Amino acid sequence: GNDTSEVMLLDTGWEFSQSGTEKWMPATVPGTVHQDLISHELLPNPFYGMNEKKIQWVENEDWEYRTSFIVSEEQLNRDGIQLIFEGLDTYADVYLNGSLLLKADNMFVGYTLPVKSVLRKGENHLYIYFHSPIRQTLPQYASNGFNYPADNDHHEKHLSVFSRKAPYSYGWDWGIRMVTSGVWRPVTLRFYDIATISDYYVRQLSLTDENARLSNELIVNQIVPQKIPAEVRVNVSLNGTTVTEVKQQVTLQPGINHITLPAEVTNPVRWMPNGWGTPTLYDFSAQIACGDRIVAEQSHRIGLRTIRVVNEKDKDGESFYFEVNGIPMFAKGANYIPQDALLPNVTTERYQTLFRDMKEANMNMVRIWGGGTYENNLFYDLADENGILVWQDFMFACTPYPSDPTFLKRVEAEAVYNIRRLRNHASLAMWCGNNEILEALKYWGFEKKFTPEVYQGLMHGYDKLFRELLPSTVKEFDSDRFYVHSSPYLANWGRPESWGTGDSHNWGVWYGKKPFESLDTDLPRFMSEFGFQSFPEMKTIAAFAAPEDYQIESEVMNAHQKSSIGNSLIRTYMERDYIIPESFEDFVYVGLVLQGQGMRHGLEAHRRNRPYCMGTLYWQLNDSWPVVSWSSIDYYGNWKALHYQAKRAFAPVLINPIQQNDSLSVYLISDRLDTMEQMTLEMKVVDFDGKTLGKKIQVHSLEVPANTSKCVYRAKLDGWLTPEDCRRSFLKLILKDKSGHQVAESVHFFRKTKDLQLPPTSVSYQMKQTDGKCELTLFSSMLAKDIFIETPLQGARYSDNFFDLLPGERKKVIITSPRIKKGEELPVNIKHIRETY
C-alpha cells in the first residue's frame, strides 16, 4: 500500500467485438458481454416478460476485448512490472505486444504475470479472446459417453460440470440462464523496486484474556539478481495508535523468500459477533525496508477471537454448533446467493445495504452457498466490521462432478488461491465441500439412470474431490478452521431416524407439502436450509410484467417461476390458512403475509428447542433478478414480510407463545451474555374493539438466564376462552424488569386467520414529508390484521411494516429514501386482511 510502487488501473479505453464481424464498440471493464450489448441496445432487457429465450444466442458466439496504454521511459526502468487479472470468465487467451501471456481456464483464480521484458516505451496493446464456454466444452461432452445429472443446468447438454465457472450462470430453480463472459474483476499494472509481498498471513497461535500470540508469515518475491540487505517490520495498531512493533534483519535472495516474525498483544480486545459486543479490528501492516525506502507494504484488518465448530457423538446422535470466544452461540441468519445475473453490475452501495439488511434483522451468520462465487474482498470486509460469521461452501452444488487429473489440478489452483485470499478475515468460520452432492448420490435415484460401472465411477470420484483434495488443502493452508465434506453430511428430510445426526436441509416444507406446524415436531441439531416461496410486491412485478399477465399461472408468471411445484403450490398453502382473494394484487399481498408467518413459526421452533437445536439459516436471503422465490428481500432491495418477521424472531430477547393440543405454553428465549432477574410476564385478552376480557394475568419472580429457552407458563384453553372468544380476541404479552421497564412484547391469535371474525375497518393516517423522509401516524379503532404500507418508490426503507395495528393504539412509522422530496406527496396505500374479501 504505502510503499514506492506505482499502480495504473486499466479500467478505461476498452472495446469489444463479436468474433468474425470486425465491428468494434466501446465497453465497460470490469463488466460482461451481456451488459456491453445492452448498453448499445443489441439485447432487450433480459429480465422483462418472455425475453429469456431472446438472449440465449450470446452463449454460442466468441468475444474479443482490446485496450491500449502508455508506458514512460522512467516506468520501464523500474526493477519489476506485474499485470494482475483478479478474474477472467472463463476460457481467455491474453495477448500483450505479440506475446501469449496466459491461457485462462478458471473464473475463480487471480493471475499475477511478469511483463517488464514484453512492455514497450509508448503505446502498448492488450487483446483478450474469450472462447464460448459452450463451444469449448461440446467436444468434451461428446467424449464423455453420458450426461451428468445437473437438473439446474437449463439445457439438453449439462456442460456446467466441465467448467470452473459460477454454476447458477447456466440456470437455477430461482435463476435466469445468462451464460456470460468477460473481465469480471479489476485489471492492474504495478511498477516497483526490489520485491513484492506475494502473501501476508497473520496466524493466531493462542488467545487468552491475558495474551494473544501471533506469527506474521510473509512470502516475498525478489525480482533483481543481487543479494539485497533489508529490514522486515510489522506494526500492530488500534484506531491509529501503535500497540506493538517488531523487526528482523534479512538479506533477500533472488526468487521466493519465507520470513516469519512473532508478535504478542497483552490484554487483547476480542472480536465479538453481532448481539454479543463490538467487532473490534486491529490494523496489521508489514513493510520491506531497503535503506531509506519502503519497497513493499501489505496490511490486513485482524480480529482476535476463537471459533470452534463442535461436531461430536452425544446422547441425541451428533452435535453441530459454533463456540465463539469459549461460549456456545445459537446461529441466526440465511443462505446468500449472487445479487445479480451480471456480477460486476453489483455496486459497493448494494453490498453495504445487504449487510445493513442482515445486521438490522439481528443476524450473526451467513452461508455463501456453493452454486454462486467465492465473494469479493468487500463482502468479507463488511462481514468483519458487522460481526457476521461466514460459512464458505466451495463452488460445487447438486450434481456429481468429474474427478480426472486435469480437472482436479484446476480445482487445487482455485482452492489454494481462495483459501489464501480469505484466511485473514475475522468473519470466516468454516469451509464446506459442496451443497447436497452426497444426498444426491445416495437418494435421488442415480442407481437407475446410469450403468453400474458409471455409478461406481461417480462414487470413487466424490471421495477423490471432497474427502481427499479439498480437506488436505484446508489442513495445509487453514489448519485451525473446520472443514465438512457436504451440507447436509448425513441427515435426510425423508428419514426421521437421521434428524439427530449433524445439520438438516428440511425439504418437508415446500417440496414435501408439509404444513408449517410440522416444524414444531420435525427438529434438527442445526437447520442449514429450509424455506417457502412468495411473489414479490406489485412494484417489482410491474418491472417484468403487464396487467394482461396478472394471473398465478399466466405464461409470464410461469416464466418467472423456476421450481417444479410452481405458483399453484402457493395457492394450495394459502387456502389452508387464509381466504383466497379474487384480485391478483390482493393475492400477492396475502402471499407475502403467508411466507412471513409460516417461516417465523419455524425460526421460533428452532430457537425454542435449544440446546437440542443450535442454529437456523433459512433459504434464502436475496434474489439475482425479478422472480418468484424463497427470498426475504426482492431483487430491488425491498423487504418482504419475511424479513420483518426474521428480525422479530431473532430478537436477543423473545416471548414465544406456542399453542398445541388446545393448550398455550409461553417460553422466554435469550441470546444475551447476562442473566435477567426478578422479571414479570404480564398477559391480557383484548377483543377486536379494544375491550379487556377478564383481568390481567401476572407471573412474577421470573429468571431469564443467559443463552437459554425456558417454559414459564401453561394453561388449557377449555375453561378460559369460549370458542366464540377465540375467533374475536387476541393475547397481548409483555416482559418487564424489577422496576417495571418493558424489555419485550408479543401478540397471539388463537385460530387461523381465515377463521377470525375480522370487523370491516379503514386505517386513517396523518403524513409529515420532508427531504429524504416521510413520518406516518396510523389509527384504526378496530384491529387491522397484518397491514402492508405500500408505496411506488423502489428500495424505500420502513422503521416497520407487515404488523397488526391494534384497536385504538396510534402507531408511528418512518419511511426513508434519498428520492423523497419536500412538497411531492409520496403515494401511500394501506392494505389489511379484512379488505381482501
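So that there is no doubt, residue numbering starts at 1 and follows the sequence shown. Here the rigid core means the biggest group of C-alpha atoms that line up within 1.5 Å when the two forms are laid on top of each other.
Farther on average from this form in 6 other deposited structures of this protein lies stretch 539 to 547, the comparison being between 476 to 484 and 539 to 547 by RMS Cα distance after core superposition. Taking 441 to 449 and 336 to 344 in turn, the stretch whose Cα atoms are more displaced from the shown form in 6 other deposited structures of this protein following rigid core superposition is 441 to 449. Coordinates for residue 22 are present in every one of the other compared entries of this protein that model residues on both sides of it, well short of the third needed to count it as often missing. In the comparison with other entries of the same protein, residue 11 is given coordinates in all of those covering both sides of it, so it never reaches the one-third threshold. Legend: mean Cα B-factor per stretch from the PDB entry, 486 to 494 versus 740 to 748; the higher mean is in 740 to 748. The mean C-alpha temperature factor is higher for 677 to 685 when 677 to 685 and 533 to 541 are set side by side. Looking only at 414, 199, 480, 292, the residue with the top Cα B factor in the deposited structure is 292. Across 799, 781, 56, 35, the greatest Cα temperature factor reported in the deposited entry is at 781. Residue 129: CA B factor in the middle third of modelled residues in this chain (values from the PDB entry).
Split the chain's modelled residues into thirds by C-alpha temperature factor. Residue 273 is in the lowest one. In the PDB entry, residue 301 places in the lowest third of its chain by CA B-factor.
Split the chain's modelled residues into thirds by C-alpha temperature factor. Residue 617 is in the lowest one. The deposited CA B-factor of residue 74 belongs to the highest third of values across its chain.
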